[PDB]
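Heads up, the Cβs are rebuilt from the backbone with ideal geometry, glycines too, and the neighbour counts pull from every protein chain shown. Read-outs throughout are calculated quantities, based only on the coordinates presented, and are distinct from any laboratory measurement.
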Amino acid sequence: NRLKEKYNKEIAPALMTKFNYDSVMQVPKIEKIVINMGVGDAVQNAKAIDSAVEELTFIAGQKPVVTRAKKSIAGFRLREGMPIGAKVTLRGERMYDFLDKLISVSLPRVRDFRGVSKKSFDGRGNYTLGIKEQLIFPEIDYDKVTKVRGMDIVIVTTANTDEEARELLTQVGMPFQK
Amino acid sequence: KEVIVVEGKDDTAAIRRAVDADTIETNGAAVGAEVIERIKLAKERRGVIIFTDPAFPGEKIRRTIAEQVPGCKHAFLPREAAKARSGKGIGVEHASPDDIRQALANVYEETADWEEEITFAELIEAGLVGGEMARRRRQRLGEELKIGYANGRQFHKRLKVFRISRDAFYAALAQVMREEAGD
Amino acid sequence: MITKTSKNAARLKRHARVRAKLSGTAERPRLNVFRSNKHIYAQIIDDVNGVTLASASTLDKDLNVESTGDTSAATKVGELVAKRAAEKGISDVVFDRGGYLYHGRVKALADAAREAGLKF
RNA sequence: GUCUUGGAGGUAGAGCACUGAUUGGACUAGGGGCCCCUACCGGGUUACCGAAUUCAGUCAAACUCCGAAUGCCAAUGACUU
RNA sequence: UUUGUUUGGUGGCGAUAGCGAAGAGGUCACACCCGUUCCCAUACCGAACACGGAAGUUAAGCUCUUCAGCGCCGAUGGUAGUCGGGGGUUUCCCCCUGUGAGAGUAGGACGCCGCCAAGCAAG
Ligand SMILES: [Mg+2]
Ligand SMILES: [Mg+2]
Ligand SMILES: [Mg+2]
């Protein structure tokens, strides 16, 4: 838990003095995070495999909630209210501790320590991540038979310019194109 | 010599029981145009020193008349009688005439519109944000310098526009924060 | 990046929804209730003339109990406004819920005023 | 019957706010074709189709942000019958 | 006790109340804000909803002051049309006593009108 403690300790005065804000309430600190599996057989035609749901459970704090389709996607045929992938939201200390367990192991669990530079944002403060990889935590090594387990984890902040996202993900330390 | 502006007749009697100076009533939050003109001529001929309670209506009328007529002198209820638990309460009718004499001793606004040396950054470095020390030490230093309390930005603004020594006030700040620590 | 809307706005919309289906006349004046982060308030209101007939709140001089935001404080203010309405000569009233949920604080107030003599 | 007053309704006319139709400019990634060379880059063009978008300009029985004259339904008064 | 005034609540009038921009303000009040032990709650989440608490803050919401940029309202006059009466070379046009739009324009306008409570002031 101590992560967000020391994060306050450092960032509040640091980001206040480097960016002169009139009020402290203006400091952009992270609030919420969501990961989107968005697979559901990835084609919805396997129609029977949902290992995604339980791996999402025990890699996260809670269990996900399965999404569904709404319209008729041309790239597919059986898409009418059927379920495709799930999602997980979290903002409390589960958020922070998952962030820590991420930056601790999955950042070494990469094949390259360069991550991605700040080229995949939405200007006013956010960060998508690219997940076509397979192994996040060794919690799933042989139980998983290396089937495609990608994700879409999106962290978002109360910022207004991309530079804030940059500085925020740097001050805690994320692999970029340094 | 100067004129003293106060809320009503109670503060009138109170201030008159302390020092010989003519009184102008503000009659609460309701201040009139001709009243502002009277304040103008008073500051022009004899001067005026606002002295109200550090409460909501008192501070509000103080701010309004300050923004109304610049150069008008100001005074503040010292830390003892400015608080309701002392004497009868917060009203000027509740302070001692000697306390009014001290407030007269701490009159300010001889300086109005100066570019000075009071840094907001070092100010937050001194711990005037969060942790209850923001408002605690704000009140403490305000009643220390006998200037009243405010929020961080407003207190910083009035100090940064109030011509006083910087590092002597910083030493007094160390003294007061040690009082909070127990010194 | 994100924005967060005023909770009071949604409360106002829900209050309008509720008040759509009822109104307080000079015989069944509606009894309104307002919750704050610190206090609670209640006003007996007729609609056809836009007048207030009775009121009560934690901000009274009386009720030396100082824990405003209580469920118990809600009971006290409810019984007080009930007595005020009674002495003014009011028996039965409809009762909105502002826009809140019929639950702890507001419902406690409602029950207190209810047993105290009001017919609702 | 007339005078006075109050109503409901989308025609004539008008208009482009919606749905269709439509002219001439601006502007276009997406280039379609020419090619430089395009095996592939990247580039003049794209004769862009240049999609929108925008600027002006015309239409509608099954278009309407508007909208009469008349006619219709009542009233309480009056004058006639 | 009445009166004045500010704020919070709660109503009535067609947005002339709207958007947009620029500012000032919070120790009262309103708010953000701080936690989840039980009330209660989430298809996951104290996000929201509930319950307790008051550390900080005007940053946002909220209140006040400015702007006619967008939206809104809107004449007078003049034409189109048309009831009734006439005349023509009749898929239409002309005249006469009356009615009289749409568009466009002058312009108006960044609100008025109540009740209750609290705060201050005066009586
Ligand atoms: Mg026509
Ligand atoms: Mg038509
Ligand atoms: Mg017109």
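Provide a whole-number value for the mean count of partner chain Cβ atoms within 10 Å of the Cβ atoms in peptide A:158-171.
1
Where the centre of each part is set by its Cα atoms, how far does the stretch B:131-161 sit from the stretch A:155-178, in angstrom?
34 Å
Hey, got the dipole for chain A? About the Cα centre, +1 on K and R Cβ, -1 on D and E Cβ, debye to the nearest 20?
I would put it at about 360 debye.
Rounded to the nearest 500, what is the 222 nm mean residue ellipticity of chain B from helices alone, with -39500 (n - 2.57) per DSSP H run of 4+ residues and division by all residues?
Helices in chain B give a 222 nm mean residue ellipticity of -14000 deg cm²/dmol.
Summarise the partner chain shielding of A:12-24 as one whole number: the mean count of Cβ atoms from other chains within 10 Å of each residue's Cβ.
The per-residue average across the peptide is 3.
With N residues in chain C, what two-decimal value do you get for its Cα radius of gyration over 2.2 N^0.38 Å?
1.08
With a bin width of 10 angstrom, please list the P(r) values of chain A as percents of all Cα-Cα pairs, from the 0 bin to the one holding the largest distance.
All Cα pairs, binned at 10 Å, distribute as 8, 32, 33, 19, 7, 1 percent.
Can you run phi through the Karplus equation (6.51, -1.76, 1.60; θ = phi - 60°) for the stretch B:146-161 and list ³J(HN,Hα) in whole Hz, with x for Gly and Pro?
After applying 6.51 cos²θ - 1.76 cosθ + 1.60, I find 6, 10, x, 10, 6, 6, x, 5, 5, 4, 4, 5, 5, 5, 4, 9 Hz.
Give, rounded to the nearest 20 debye, the magnitude of the charge dipole that the protein assembly as shown has about its Cα centre when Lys and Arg contribute +1 at Cβ and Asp and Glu contribute -1 at Cβ.
In debye, rounded to 20, the protein assembly as shown gives about 1960.
Give me the one-decimal Kirkwood hydrodynamic radius in Å for the protein assembly as shown, with the sum taken over alpha-carbon pairs.
Result for the protein assembly as shown, one decimal place: 29.0 Å.
By DSSP, what percent of the beta bridges with both residues in the protein assembly as shown are antiparallel, rounded to the nearest 5?
The answer is about 75 percent antiparallel.
So if we plug the beta-carbon distance of B:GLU110 and B:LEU41 into 1/(1 + (r/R0)^6) with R0 = 22 Å, what FRET efficiency do we get, rounded to 0.05?
0.70
State the extension gain, in nm to one decimal, for the chain segment bounded by A:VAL154 and A:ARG109, taking 0.36 nm per residue of separation less the distance between their alpha-carbons.
Answer, rounded to one decimal: 14.3 nm.
Multiplying the sequence separation of B:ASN151 and B:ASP98 by 0.36 nm and subtracting their Cα-Cα distance, what value in nm do you get?
Taking B:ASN151 through B:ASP98 to full extension adds about 16.2 nm, to one decimal.
Residue by residue through A:74-85, how many Cβ atoms from other chains fall within 10 Å of the Cβ on average?
0
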